[PDB]
Amino acid sequence: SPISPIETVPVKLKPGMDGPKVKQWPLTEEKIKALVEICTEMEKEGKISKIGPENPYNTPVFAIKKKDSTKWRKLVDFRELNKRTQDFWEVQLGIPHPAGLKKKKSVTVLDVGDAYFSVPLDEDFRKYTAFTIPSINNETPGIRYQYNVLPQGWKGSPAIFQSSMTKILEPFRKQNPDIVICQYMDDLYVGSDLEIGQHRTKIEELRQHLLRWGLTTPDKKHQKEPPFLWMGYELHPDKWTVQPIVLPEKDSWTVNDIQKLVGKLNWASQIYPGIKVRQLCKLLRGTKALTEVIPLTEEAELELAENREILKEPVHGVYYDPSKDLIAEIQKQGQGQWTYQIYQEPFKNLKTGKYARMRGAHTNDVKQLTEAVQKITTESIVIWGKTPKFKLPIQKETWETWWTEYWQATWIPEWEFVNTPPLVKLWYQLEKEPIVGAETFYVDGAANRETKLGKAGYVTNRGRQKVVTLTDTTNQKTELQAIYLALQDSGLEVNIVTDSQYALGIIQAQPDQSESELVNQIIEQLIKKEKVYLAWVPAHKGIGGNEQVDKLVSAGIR
Amino acid sequence: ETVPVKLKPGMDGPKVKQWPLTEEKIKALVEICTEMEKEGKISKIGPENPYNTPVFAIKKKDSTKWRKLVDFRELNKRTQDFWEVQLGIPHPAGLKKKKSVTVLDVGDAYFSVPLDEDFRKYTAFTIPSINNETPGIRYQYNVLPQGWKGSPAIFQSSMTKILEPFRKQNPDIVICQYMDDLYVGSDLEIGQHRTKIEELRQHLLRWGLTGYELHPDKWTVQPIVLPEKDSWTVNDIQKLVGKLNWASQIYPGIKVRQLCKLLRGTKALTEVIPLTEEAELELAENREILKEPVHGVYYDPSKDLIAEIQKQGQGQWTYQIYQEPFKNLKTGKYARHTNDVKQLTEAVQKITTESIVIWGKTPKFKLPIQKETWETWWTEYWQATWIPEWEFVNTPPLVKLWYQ
Ligand SMILES: N#Cc1cc(Cl)cc(Oc2cc(OCc3n[nH]c4nc(N)ccc34)ccc2Cl)c1
């Protein structure tokens, strides 16, 4: 193998740090042997060099035999040189998504051969790669070597190799603008819209150009055929898809089977529209053993099946036409479950996906819908360099009402309503000012931090009154109780006055779902009322019947 | 020759991620960096440079040309000894006093001065590819980069020369520089001011340096506002003591004891209760109190500045700069095709420049928006050469109205 004529990268050790001096464990003759064979070869090839005992650095070597075979393997444990090596720039910070790929006439995959070894190593660093093949026991000073090229398993090899291959290609890319070259790890992905004529030829100019550089790729015939089985995906000429998802029929489900499942399912979601994983995931909560058997909940079984259905056939995605636009459609699946599909030409999807997240402790569909829009927007920038025009199941007038009166800033890029149910709405609104001839409930809540004993109640202005005793509460929970009380006994239109900024805040937000069951009943209530006015006042300030509910709920509690 | 820059002790280079960017902002950046490369201001770099600072593209203040903006916030924090407790630029108390203050971009000055060979690497940035198809293009500065607060600290000496003439001949013009910008204050007629700014750019132009009108002395109060009404209701009074009771403990010597007494027992909210006069002596005593400043509130040069913004509706946003909560150094509002983010972005810059004009430093913003939404969008509306520090928050229901 060729060892690249190219320039080298300056490599430094971390500051105030010195090369490794780890002692070589003593080996069996078979391994000392093995290693000797292996090493002389690497030296024959230029890959390593023989040093003396003047160079004090040491990194432990080890030979491992075979699974089936009788071949030996050199293993160098660069854990210390690694712990002393500087940090490098992050290799590649994200991986191409198939759907971001522009359709090309022909694409050829060139896998560099023996990459790491095909590239020099900064001469002045070499000394740190020192290793020793021990002699038979202690007797006899070992054989010392040091790398000339990038050693496998060392911190910078991935980085440097990457750089080198960027520098090597620079030229070619100049005098070859229309050819696309994806660089990934030690692979080269090449495509052009030439007729197989100049393509099959341009491929060779590259290989030759790569060869002037020490880089040996395979020739044709030994060049892979499409569909490329790359990275979890199946890359065909005019479509792409995930690699065969095989959903296991089983008698009992262990934590681990369920996990592997959710995994396969989630990966399937990139192109298999409408995959759900909520019920399945739910089972995972609390986690017993890895080997523990979970019993499929009924919803769980129903999910699993809706899934098998979607997968019971095959879906593939198209590639990217930078001229056409991007459309993104989102649909409400279930409980904080969203599904989206991106396409340029109606119904020929580039990719799909889902959004579930619980952003907050209580939330609603308008707040979730925009969270998904954000998640999709970014995702588009990443893949395509631009954002999609959106078609959301929310009415333009609902959006605007919500957007307008909300405390926090929000902004959805271009969009259009699309009557594809369930539709997004607000299940209740609070009055802006007091209902006339409606009862004023002055609610309250207390809870003794010592006994965690609580008292929830109200005192209305039609002289009505109530108080309840709660047992393992907090003030937040008593104050939410008081309001539920007032909701419970008040009918079609109320006026509620609290001193809980917390309950105020919670409710003013129009939640429609909540992590609290208390917040959920209240929601259920507010949804029933015809008119609800809710206002706040400072507490422990002789205000209205505020003090009146105070003595009520404080009596015993505080 | 170059000046030696050294990272604050016990810390090292910025390893900040590059936010993803759109195709159009990417070409804009690719072109720009090629030219800067030819002109030798930034040179490509190798894997051996672990450092990284985000970079973006803006379309300045009402401009068609793309400007490349480098987010040096991390770096500025790590070199803070150098540009602050070393090569610091003293801030003119005078500036906030002038009838007129013009802001001029002076950022192209730096392109002359070279950056210490040993500091360069700290300046790495990346021009990211789309769909991670290729390695991002990595760069490092060879000269004073704009956005890095070390540049003015260094350049400070050469700006003194550039400006000594104009100064000798205009003893009552205040010249301040905060980062890439020059702030020029004068009490002259506007035509006169404009003339001197122009006379100023001539001087600047002989050294290579190639406005935007502020009116400090006209920046007034956002006095907490109590309504005036004929016929009150339990509500309004309830709301009255509410706001009133809150303005106290922040507004030294408020009073409610009267008002409270009108609210006794449990009556409907829809109930009209006339006002006693002593209670009226209360609104007034308070109302009057509100027009006048805080008292006891002084800027602490060693403490950070905070700015909170509340979305009020109809294109209106309120805000307050303070160092201790409810110890407001300054309050105000901002008012408006302008979505929430566009508007919030502009508020953020307005306040930031006032902040610079008055104290010479920027406030840490508490923005009422989703980190994500904001992150993806702001650069669309951003036009300053600096970027302030921000953190996201949820306005406390009561704060919005107590400030309405
Ligand atoms: N293995 C592999 C692999 C992994 C990646 Cl990310 C890219 C890749 O190449 C392309 C793939 C492209 O996709 C569209 C396309 N045109 N022609 C094709 N032929 C195939 N057999 C597969 C995909 C395409 C376009 C340009 C290119 Cl260069 C190959």
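With ideal geometry, Cβ positions are generated from the backbone for all residues, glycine too; neighbour counts draw on all protein chains shown. All of this is worked out from the model, or read from it or from the source named; no laboratory read-out is quoted.
Okay, here's what the table says:
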quantity	calculated
First in the range B:129-149 and in the same structural domain as B:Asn49 (by CATH), second anywhere and hydrophobic (A, V, I, L, M, F, W, C) and within 16 Å of the ligand (Cβ to nearest atom), Cβ under 6 Å, 6 or more apart	B:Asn131/A:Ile383; B:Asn132/A:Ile95; B:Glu133/A:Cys182
Scope the range A:227-237; condition in contact with a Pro (Cβ under 7 Å, 6 or more places away or on another chain), near the ligand (Cβ under 7 Å from one of its atoms) and outside any loop (DSSP other than H, G, I, E, B); matching residues	A:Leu235
Condition met for A:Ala438 (buried (at least 18 other Cβ atoms within 10 Å of the Cβ), more than 10 Å from every other protein chain (Cβ to nearest Cβ) and touching a strand residue (DSSP E or B) at 6+ places or on another chain (Cβ under 7 Å))	no
Residue in the range B:264-279 that is within 8 Å of chain A (Cβ to nearest Cβ), out of contact with any strand residue (DSSP E or B) (no Cβ under 9 Å at 6 or more places or on another chain) and under 21 Å from A:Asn461 (Cβ atoms) present	yes
Residue count, the range A:342-371 (criterion: more than 27 Å from B:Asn394 (Cα to Cα) and over 18 Å from the mean Cα position of the chain (by Cα))	9
Some residue of the range A:172-194 being outside any loop (DSSP other than H, G, I, E, B), away from the ligand (no atom under 16 Å from the Cβ), within 14 Å of chain B (Cβ to nearest Cβ) and closer than 22 Å to A:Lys104 by Cα	yes
Count - residues of the range A:522-553 that are assigned to a helix (DSSP H, G or I) and either surrounded by 15 or more Cβ atoms within 10 Å (Cβ to Cβ) or within 11 Å of chain B (Cβ to nearest Cβ) (or both)	11
For B:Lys77: the one exception among (1) buried (at least 17 other Cβ atoms within 10 Å of the Cβ); (2) not assigned by CATH to the domain that holds B:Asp172	(1)
Selected residue [farther than 30 Å from B:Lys41 by Cβ, of a type outside the set (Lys, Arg) and surrounded by 14 or more Cβ atoms within 10 Å (Cβ to Cβ)] from B:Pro216, B:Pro227	B:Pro216
Matching residues, the range B:245-266, being closer than 23 Å to B:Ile321 by Cβ and assigned to a helix (DSSP H, G or I)	B:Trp246, B:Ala247
Qualifying positions in the range A:456-497 - more than 17 Å from A:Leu534 (Cβ to Cβ), out of contact with any helix residue (DSSP H, G or I) (no Cβ under 9 Å at 6 or more places or on another chain) and not in a loop (DSSP other than H, G, I, E, B)	A:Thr469
Pair list, Cβ under 8 Å, 6 or more apart: the range A:216-234 residue within 14 Å of another protein chain (Cβ to nearest Cβ), other residue of a type in the set (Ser, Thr, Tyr) and within 8 Å of the ligand (Cβ to nearest atom)	none
Of residues in the range A:93-109 being within 26 Å of the chain's Cα centre (by Cα) and part of a loop (DSSP other than H, G, I, E, B), the one farthest from the ligand (Cβ to nearest atom)	A:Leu93
Flag for A:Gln279 being in a helix (DSSP H, G or I), more than 16 Å from the ligand (Cβ to nearest atom), outside the structural domain of A:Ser4 (by CATH) and touching a helix residue (DSSP H, G or I) at 6+ places or on another chain (Cβ under 7 Å)	yes
Residue match in the range A:238-253 (condition: within 14 Å of another protein chain (Cβ to nearest Cβ), within 28 Å of A:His97 (Cβ to Cβ), touching a strand residue (DSSP E or B) at 6+ places or on another chain (Cβ under 8 Å) and within 16 Å of the ligand (Cβ to nearest atom))	yes
Condition met for A:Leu150 (away from chain B (no Cβ under 14 Å), away from the ligand (no atom under 16 Å from the Cβ) and touching a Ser or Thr at 6+ places or on another chain (Cβ under 7 Å))	no
Residue within the range B:200-209 that is in a loop (DSSP other than H, G, I, E, B) and within 14 Å of chain A (Cβ to nearest Cβ) present	no
Qualifying positions in the range B:41-70 - within 14 Å of B:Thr385 (Cβ to Cβ) and of a type in the set (A, V, I, L, M)	B:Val55, B:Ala57, B:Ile58, B:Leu69, B:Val70
Qualifying position, being in contact with an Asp or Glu (Cβ under 6 Å, 6 or more places away or on another chain) and not assigned by CATH to the domain that holds B:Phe365, among B:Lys255, B:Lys267, B:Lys303	B:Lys255
Some residue of the range A:317-338 being of a type in the set (A, V, I, L, M), within 16 Å of the ligand (Cβ to nearest atom) and surrounded by 14 or more Cβ atoms within 10 Å (Cβ to Cβ)	yes
Residue in the range A:148-166 that is farther than 30 Å from A:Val61 by Cα and crowded, with 16+ Cβ neighbours inside 10 Å present	yes
Criterion (of a type in the set (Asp, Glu) and assigned by CATH to the domain that holds A:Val180) met by exactly one of A:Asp87, A:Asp77, A:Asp68, A:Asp111	A:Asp111
Qualifying positions in the range B:1-41 - in a helix (DSSP H, G or I), within 14 Å of chain A (Cβ to nearest Cβ) and not aliphatic (A, V, I, L, M)	B:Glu23, B:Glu24, B:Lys25, B:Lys27, B:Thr34, B:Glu37
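Quick grid of which residues meet (1) more than 20 Å from the chain's Cα centre (by Cα); (2) in a strand (DSSP E or B):
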| residue | (1), (2) |
| --- | --- |
| A:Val373 | no, no |
| A:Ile383 | no, no |
| A:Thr387 | no, no |
| A:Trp403 | yes, no |
| A:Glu416 | yes, yes |
| A:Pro422 | yes, no |
